[PDB]
Amino acid sequence: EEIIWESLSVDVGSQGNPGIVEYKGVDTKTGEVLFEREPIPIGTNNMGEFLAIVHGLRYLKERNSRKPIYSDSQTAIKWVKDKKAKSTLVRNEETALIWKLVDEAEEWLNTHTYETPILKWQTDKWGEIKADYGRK
RNA sequence: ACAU
DNA sequence: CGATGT
Ligand SMILES: [Cl-]
Ligand SMILES: [Cl-]
Ligand SMILES: [Cl-]
Ligand SMILES: [Mg+2]
Ligand SMILES: [Mg+2]
Ligand SMILES: [Rb+]
Ligand SMILES: [Rb+]
Ligand SMILES: [Rb+]
Ligand SMILES: [Rb+]
(Lines give C-alpha, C1' and ligand atoms only; values in the text may rest on other atoms or scores of the structure.)
(Ligands and ions follow the chains in the order given, each with its own letter.)
Protein backbone atom coordinates (compact mmCIF):
# COMPACT_ATOMS: atom_id res chain seq x y z
CA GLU A 1 0.00 0.00 0.00
CA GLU A 2 2.48 2.64 1.20
CA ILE A 3 6.22 2.72 0.54
CA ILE A 4 8.24 1.93 3.64
CA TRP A 5 10.81 4.66 3.16
CA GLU A 6 13.06 3.37 5.97
CA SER A 7 14.38 0.55 3.82
CA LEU A 8 17.11 -0.68 1.48
CA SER A 9 16.30 -1.05 -2.23
CA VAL A 10 18.33 -3.36 -4.45
CA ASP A 11 18.44 -4.06 -8.16
CA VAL A 12 20.42 -5.77 -10.90
CA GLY A 13 21.73 -4.14 -14.04
CA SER A 14 23.02 -5.90 -17.10
CA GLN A 15 24.42 -5.64 -20.58
CA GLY A 16 22.59 -8.51 -22.23
CA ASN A 17 20.55 -11.20 -20.54
CA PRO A 18 22.45 -13.41 -20.17
CA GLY A 19 25.27 -10.89 -20.17
CA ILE A 20 27.40 -8.66 -17.97
CA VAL A 21 25.70 -8.41 -14.58
CA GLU A 22 26.11 -5.97 -11.72
CA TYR A 23 23.92 -4.90 -8.83
CA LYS A 24 23.60 -2.19 -6.23
CA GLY A 25 21.77 -1.26 -3.08
CA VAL A 26 20.50 2.21 -2.23
CA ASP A 27 18.78 4.02 0.62
CA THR A 28 15.15 4.10 -0.48
CA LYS A 29 14.63 7.52 1.06
CA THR A 30 17.71 9.32 -0.30
CA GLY A 31 18.98 7.28 -3.24
CA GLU A 32 22.41 7.15 -1.62
CA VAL A 33 24.32 4.20 -3.04
CA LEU A 34 25.32 1.92 -0.17
CA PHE A 35 26.98 -0.88 -2.13
CA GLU A 36 27.76 -1.71 -5.76
CA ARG A 37 29.10 -5.03 -7.05
CA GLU A 38 31.79 -4.99 -9.71
CA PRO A 39 30.45 -6.30 -13.05
CA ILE A 40 30.42 -10.07 -13.51
CA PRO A 41 31.19 -11.08 -17.14
CA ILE A 42 28.22 -13.46 -17.66
CA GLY A 43 25.10 -13.97 -15.58
CA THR A 44 21.34 -13.65 -15.75
CA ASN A 45 18.99 -10.97 -14.55
CA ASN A 46 17.59 -13.30 -11.90
CA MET A 47 20.95 -14.46 -10.57
CA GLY A 48 21.94 -10.82 -10.16
CA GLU A 49 18.65 -9.94 -8.48
CA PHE A 50 19.22 -12.85 -6.08
CA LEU A 51 22.79 -11.84 -5.28
CA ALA A 52 21.63 -8.26 -4.67
CA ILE A 53 19.08 -9.35 -2.06
CA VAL A 54 21.51 -11.65 -0.28
CA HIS A 55 24.16 -8.95 -0.28
CA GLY A 56 21.58 -6.61 1.23
CA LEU A 57 20.83 -9.15 3.95
CA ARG A 58 24.53 -9.44 4.78
CA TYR A 59 25.03 -5.66 4.62
CA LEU A 60 22.16 -4.96 7.03
CA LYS A 61 23.07 -7.79 9.40
CA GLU A 62 26.66 -6.56 9.67
CA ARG A 63 25.34 -3.09 10.60
CA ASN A 64 22.70 -4.35 13.05
CA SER A 65 19.95 -2.78 10.92
CA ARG A 66 16.38 -4.11 10.98
CA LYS A 67 15.33 -2.23 7.81
CA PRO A 68 13.43 -4.25 5.18
CA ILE A 69 14.74 -4.84 1.67
CA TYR A 70 12.78 -3.97 -1.45
CA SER A 71 13.32 -5.93 -4.66
CA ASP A 72 11.36 -5.74 -7.91
CA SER A 73 12.10 -9.40 -8.71
CA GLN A 74 9.34 -11.89 -7.91
CA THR A 75 11.80 -14.64 -8.86
CA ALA A 76 14.67 -13.55 -6.64
CA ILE A 77 12.40 -12.97 -3.64
CA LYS A 78 11.20 -16.56 -3.96
CA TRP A 79 14.72 -17.91 -4.45
CA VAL A 80 15.87 -16.20 -1.25
CA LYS A 81 12.80 -17.50 0.62
CA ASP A 82 13.63 -21.02 -0.61
CA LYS A 83 17.38 -20.55 -0.07
CA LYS A 84 17.76 -21.95 -3.60
CA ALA A 85 18.48 -20.08 -6.86
CA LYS A 86 16.80 -22.19 -9.52
CA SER A 87 18.66 -20.68 -12.47
CA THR A 88 18.64 -22.31 -15.94
CA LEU A 89 22.00 -20.77 -16.86
CA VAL A 90 24.44 -23.40 -18.10
CA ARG A 91 27.22 -24.16 -15.61
CA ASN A 92 30.41 -24.03 -17.65
CA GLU A 93 33.81 -22.36 -17.64
CA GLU A 94 32.34 -19.06 -18.88
CA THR A 95 29.65 -18.94 -16.17
CA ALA A 96 31.91 -20.15 -13.35
CA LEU A 97 32.08 -16.84 -11.47
CA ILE A 98 28.35 -16.08 -11.31
CA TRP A 99 27.66 -19.65 -10.27
CA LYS A 100 30.35 -19.48 -7.58
CA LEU A 101 28.76 -16.34 -6.18
CA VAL A 102 25.26 -17.85 -6.33
CA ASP A 103 26.49 -21.03 -4.62
CA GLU A 104 28.22 -18.93 -1.94
CA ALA A 105 25.07 -16.82 -1.40
CA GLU A 106 22.98 -19.95 -0.89
CA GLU A 107 25.65 -21.21 1.50
CA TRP A 108 25.42 -17.96 3.49
CA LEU A 109 21.63 -18.26 3.68
CA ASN A 110 21.97 -21.83 4.97
CA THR A 111 24.41 -20.83 7.74
CA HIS A 112 22.98 -17.52 9.01
CA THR A 113 19.75 -16.14 10.40
CA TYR A 114 17.94 -12.89 9.70
CA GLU A 115 14.56 -11.29 10.37
CA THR A 116 14.84 -8.77 7.47
CA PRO A 117 11.50 -8.50 5.64
CA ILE A 118 12.02 -8.96 1.91
CA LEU A 119 9.32 -6.91 0.23
CA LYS A 120 8.09 -6.59 -3.34
CA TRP A 121 8.62 -3.14 -4.81
CA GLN A 122 5.28 -2.36 -6.46
CA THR A 123 6.56 -0.96 -9.74
CA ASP A 124 3.07 -0.73 -11.25
CA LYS A 125 2.04 1.72 -8.50
CA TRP A 126 5.30 3.44 -7.51
CA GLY A 127 7.43 3.55 -10.65
CA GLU A 128 10.93 2.13 -10.97
CA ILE A 129 12.71 0.96 -7.83
CA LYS A 130 15.21 3.54 -6.61
CA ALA A 131 18.15 1.19 -7.23
CA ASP A 132 17.27 0.88 -10.92
CA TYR A 133 20.02 1.42 -13.48
CA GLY A 134 18.01 3.66 -15.84
CA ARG A 135 18.91 1.42 -18.81
CA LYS A 136 15.43 0.33 -19.92
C1' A B 1 -0.83 -14.47 -16.87
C1' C B 2 2.66 -12.27 -13.55
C1' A B 3 7.41 -10.39 -12.20
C1' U B 4 11.89 -8.95 -14.40
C1' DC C 1 12.32 -7.59 -30.84
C1' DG C 2 15.38 -10.73 -27.58
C1' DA C 3 16.20 -12.93 -22.73
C1' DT C 4 15.22 -14.97 -17.42
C1' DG C 5 11.97 -16.88 -14.22
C1' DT C 6 7.10 -18.60 -11.23
CL1 LIG D 1 27.60 -11.54 -4.76
CL1 LIG E 1 8.56 -4.37 6.98
CL1 LIG F 1 7.14 -11.40 -4.53
MG1 LIG G 1 15.06 -5.41 -10.83
MG1 LIG H 1 15.95 -2.22 -12.78
RB1 LIG I 1 25.12 -8.59 13.79
RB1 LIG J 1 16.88 -0.28 -16.37
RB1 LIG K 1 10.99 -3.38 -13.18
RB1 LIG L 1 7.81 -15.68 -20.62
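Throughout, a chain's letter reflects where its sequence line sits, starting with A, and its residues are numbered from 1. For the numbers below, each heavy atom of this structure counts, side chains included, while hydrogens, waters and symmetry mates do not.
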Legend entry - Reference residue A:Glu115; test salt bridge (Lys or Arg N to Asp or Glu O under 4.0 Å); the match among A:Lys67, A:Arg66, A:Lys61: A:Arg66
Legend entry - Atom-to-atom span, OH of A:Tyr23 to P of C:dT4 - whole angstrom: 21 Å
Legend entry - Note: A:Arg91-A:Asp103 ion pair, threshold 4.0 Å (strictly below): yes
Legend entry - Whole-Å gap separating P (B:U4) and CD (A:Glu49): 9 Å
Inset, instruction - With heavy atoms under 4.0 Å as the rule, sort A:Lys136 into base, sugar-phosphate or nothing. - result: nothing
Inset, instruction - Output yes when A:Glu1 and A:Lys125 qualify as a salt bridge under the 4.0 Å nitrogen-oxygen rule, no when they do not. - result: no
Inset, instruction - Could you check how far CG of A:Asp82 sits from P of C:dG5, rounded to whole Å? - result: 14 Å
Legend entry - Length of the line joining A:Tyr70:OH and B:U4:P, which is rounded to integer Å: 14 Å
Inset, instruction - Take the protein atom CD1 of A:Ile53 and the nucleotide atom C1' of B:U4, then report the distance between them rounded to whole Å. - result: 12 Å
Legend entry - Touch class at under 4.0 angstrom, heavy-atom based, for A:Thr88 against every strand present: sugar-phosphate
Legend entry - Integer-rounded Å distance: C:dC1 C1' and A:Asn17 CG: 14 Å
Inset, instruction - Compare the minimum distances between each of C:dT6, C:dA3, C:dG5 and the side chain of A:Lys78, then state the nucleotide with the smallest one. - result: C:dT6
Inset, instruction - Please evaluate the base of B:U4 for a donor-acceptor partner in the side chain of A:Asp72 within a cut-off of under 3.5 Å? - result: no
